[PDB]
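Here are the chains, one letter per residue:
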Amino acid sequence: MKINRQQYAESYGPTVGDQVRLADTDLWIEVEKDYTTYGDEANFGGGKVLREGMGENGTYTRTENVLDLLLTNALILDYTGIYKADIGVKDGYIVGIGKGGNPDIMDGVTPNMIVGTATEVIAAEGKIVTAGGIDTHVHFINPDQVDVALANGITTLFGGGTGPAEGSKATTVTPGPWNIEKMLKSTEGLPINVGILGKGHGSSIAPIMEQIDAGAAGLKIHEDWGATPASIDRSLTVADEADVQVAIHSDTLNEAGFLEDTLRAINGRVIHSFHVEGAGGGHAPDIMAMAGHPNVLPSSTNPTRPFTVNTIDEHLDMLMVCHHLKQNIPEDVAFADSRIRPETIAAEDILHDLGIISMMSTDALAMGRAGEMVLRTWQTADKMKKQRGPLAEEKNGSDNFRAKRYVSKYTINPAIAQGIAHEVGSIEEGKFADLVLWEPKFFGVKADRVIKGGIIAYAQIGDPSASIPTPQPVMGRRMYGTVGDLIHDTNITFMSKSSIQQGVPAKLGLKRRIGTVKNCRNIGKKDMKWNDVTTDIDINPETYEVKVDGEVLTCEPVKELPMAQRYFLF
Amino acid sequence: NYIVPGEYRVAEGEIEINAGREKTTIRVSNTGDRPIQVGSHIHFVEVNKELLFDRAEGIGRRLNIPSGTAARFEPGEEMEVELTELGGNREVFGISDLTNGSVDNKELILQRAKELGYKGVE
Amino acid sequence: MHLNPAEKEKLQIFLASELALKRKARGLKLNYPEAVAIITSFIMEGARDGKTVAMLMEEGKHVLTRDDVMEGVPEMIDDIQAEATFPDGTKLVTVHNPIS
Ligand code: NI
Ligand code: NI
């Protein structure tokens, strides 16, 4: 029985070779493979396939391969690839990508993806399913920011803070075992995966290491607390012994040494460079050279992503997070000039497009936007596609390679950096069921659904007092996955191995799932996905002219962007 | 150069559903007084009793229609429907409780169908 | 006032539509949210005025045109559904392709 591709794409979603435009951007993603069998597609509804005695098996119990949730006809976009498949979720963990259904009456059904009485069906046809975004740079300032992340498909927040405190407003640091314990207790009410970073400063090992023993998932070295080489040495030693990641916010003033001194202090050890470009913070002006080292994992905050006409003017007055500046003082005005360099931002755009910068982050409420990581990532992708044109590996007029490269910048690379890749980061079997469903016209702007631990945690849903869920006002809303004790089962609180072994979750009475931070000091730049490029970056100390392999790096700012006024009221 | 957010650019050609399967064409009538819609993947020998057709042809077969679609039978009307073989282990459990096992046991299925008076059993 | 959450939510729709009308008054091209708000508020106001559900379903296709919205917006809005208090009770109004 013939079916034209249009009707098939309308009914079950685009198949092999069918391309989908991402939001209002100019990026087309083409399906590479399909795991379903034609004519045996699984769908739910009255008179549809998934029924007892039909594509749903009514014989086996829960323990006999029957899933707990099946996402049907999903369009998986992941660093692994872009392909159509059905997702099986059991016990809150992804237990299969393939063809789910009834093995008795269907062909090619994945053996562990039997649809049974315990299965709950979610129709993902016509939607793009992505892994929950990981945010490694989060200033915990406002409890309302969590929803701001959830509305943009972010499921993990890594960082420190105790609220609207000056140290928290400036640095992602939860200083001290007591504050770490208090924030860990507070995280029981946040419907999001949380990782807490401690203060990686001090001349002695013990003050830093007691924070890790208290439950810290990592360390942050900020120039506000003093980014001396002694602090870097002690923090890196503690991280190596405890197997946790260290984030560095280098010394902008170059007070205790230039970038070379910081590199010597690091001594080839694995470190995570926050806002490696420099505008957010770092060694003025040659901090971006850190992006060229194999032992450095570079990230970049969103406000400079991408290069726009208003980026230069906006960023000048937002510098007040670090310390306040007066427009008539000769020194602090000079501080502003050497901090925001348009050449560095223009080069950072291309570095992101060239796979040199590996990750993306918000660095929220501290010269960063909480709910624009994915939005600005795809805006940068579209702008670089328009300017630089298609990449070398692209083919068939599709942007599959660019999509894979840019999706890794906020899904798997942060997870690998923090060592939480074994649990979250990508849509793979055995990983936590953190999924985001986007409508293709709202992809990267508003998340249609956010499922955490196999239960829908956030939804763009309409009036709660109507006959059906669709009528206006359609807005983001917390779902049943964030209500009551369920909020303890759908979220993970990543902590250090030593804290977990010492019984910190039991001592503090934490009810959330506990994730182990591991495999952090054995990784490097080559461990990044689609962004494992190491080179030499020359930053001119005089004109800030950024050069790579002898060629200049610059781009023209764009006045208009996709994922813009077309979507947002303000 | 018109741009539409989230629009598909589908490929060329068609796609054949249930490829490489045996196909049959049977005549099905509705002798009841109410409309009857049959799903795509339901075993065809266990469909409503009021449906008149060669029930032996419905064993191990289902409607060869796009998944999620249904075939409608109005009262007092006849259609030509294409049936395709089932897949996998070829076992049917539930529905009308006619098979509850492998579909290869034909004569037992027809005996059970005639016990409850399904129309079209020889 | 004795407001159930329904009125609390629909006041936001009214405010958004008022902002959308203010923007449209100065020659601005409406995006997806302003258009959605405007058609929804038109539906609710018509229901308050006593119009039947069929009349609202008809006239919802003519409140905004293709020229009053930005590029690609009309294709984004497949349909608009609104629950409003008609004189006979609370009813659902569905307008298919309100921007032609
Ligand atoms: Ni910083
Ligand atoms: Ni920060």
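Bear in mind the residue numbers are our own, running from 1 along each chain as written, so they may not match the entry, and residues with no coordinates are left out. Lettering for chains starts from A, numbering for ligands starts from 1, and both go in the order in which the items are written. Calculation of side-chain values draws on the structure's entire complement of heavy atoms; hydrogens and water are dropped beforehand.

## Observations regarding helix 11 (residues 373–388) of chain A
Residue and element names in this part refer to chain A. Selection criterion: Helix and strand definitions follow DSSP, with helices as H or I runs of at least four residues and strands as E runs of at least two, each counted in order from the N terminus. Helices are assigned an expected span. That span is 1.5 Å times one less than the residue count. A 1.4 Å probe rolled over the protein chains alone gives each residue an accessible area, and that area as a share of the maximum for its type sets the label: buried under 20%, exposed over 50%, partly exposed in between.
Here helix 11 is 16 residues long and its end C-alpha atoms lie 22 Å apart, about the 22 Å a rise of 1.5 Å per residue gives. In terms of burial, helix 11 is largely enclosed, as 13 of its 16 residues are buried. Positive phi appears at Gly-389, one or two residues downstream of helix 11, with a value of about 80°.

## A closer look at the coordination of the nickel ion (ligand 1)
All names here are of chain A. Selection criterion: Sites may look incomplete because water is not among the atoms; the donors themselves are N, O and S atoms within 2.8 Å of the metal, or within 3.2 Å for Na, K and Ca.
Around the nickel ion (ligand 1), the protein contributes the donor atoms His-249 (ND1) and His-275 (NE2), which lie 2.0 Å from the metal centre. The metal-metal distance between the nickel ion (ligand 1) and the nickel ion (ligand 2) is 3.5 Å. With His-249 in the loop between strand 13 (245–248) and helix 7 (259–266) and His-275 in the loop between strand 14 (271–273) and strand 15 (296–298), the pair connects residues that are 26 residues apart, well separated along the chain. As far as the burial class goes, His-249 and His-275 line up, both buried.

## Considering the pairing of strand 11 (residues 193–199) of chain A
Residues and elements named next belong to chain A. In plain terms, the rule: Should DSSP find at least two bridges between two strands, the strands are regarded as paired.
Along strand 11, six of the seven residues are buried, which leaves the element largely enclosed by surrounding structure. Examined bridge by bridge, strand 10 (residues 154–160) and strand 11 share four bridges and lie parallel to one another. In the strand pairing of strand 11, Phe-158 is matched with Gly-195. Here strand 11 pairs with strand 12 (residues 218–221) via three bridges, running parallel.

## A look at the interface of chain C and chain A
Here is the rule: A contact between two residues is defined here by any heavy atoms of the two lying within 4.5 Å. By convention, the term buried area covers the 1.4 Å-probe accessible surface removed from two parts as they join, with the contributions of both added. We count a salt bridge whenever a side-chain nitrogen from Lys or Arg sits within 4 Å of a carboxyl oxygen from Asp or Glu.
Taken together, the contact pairs 22 residues of chain C with 20 residues of chain A. For the pair chain C and chain A, the summed buried surface comes to about 1,700 Å²; carbon and sulfur atoms form 59% of the total. Looking at the side of chain C facing chain A, the largest losses of area belong to C:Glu9, C:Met76 and C:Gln81, adding up to 32% of the total buried there. Summed over the shared surface of chain C and chain A, the number is one salt bridge.

## Considerations on the coordination of the nickel ion (ligand 2)
On the protein side, the nickel ion (ligand 2) has A:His137 (NE2), A:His139 (NE2) and A:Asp363 (OD) as donor atoms, found 2.0 to 2.1 Å from it. Each donor residue of the nickel ion (ligand 2) belongs to the same chain, with the gaps between them written as H-x1-H-x223-D.

## Describing the environment of C:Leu11
Residue position: C:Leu11 is located in helix 1 (residues 5–25). In sequence terms C:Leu11 and C:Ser41 are 30 residues apart; their C-alpha atoms lie 9.8 Å from each other.

## Some remarks on the sheet that holds strand 2 (residues 19–21) of chain A
Read across the sheet, three strands follow the order 3(A)-2(A)-1(B) without closing on themselves; strand pairing throughout is antiparallel. The two strands at the open ends of the sheet, each matched to only one other strand, are strand 3 (28–30) of chain A together with strand 1 (8–9) of chain B. Where strand 2 of chain A meets strand 1 of chain B, two bridges bridge the pair, whose relative direction is antiparallel. Each bridged residue has a counterpart across the sheet, and for A:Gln19 the counterpart in strand 1 of chain B is B:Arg9.

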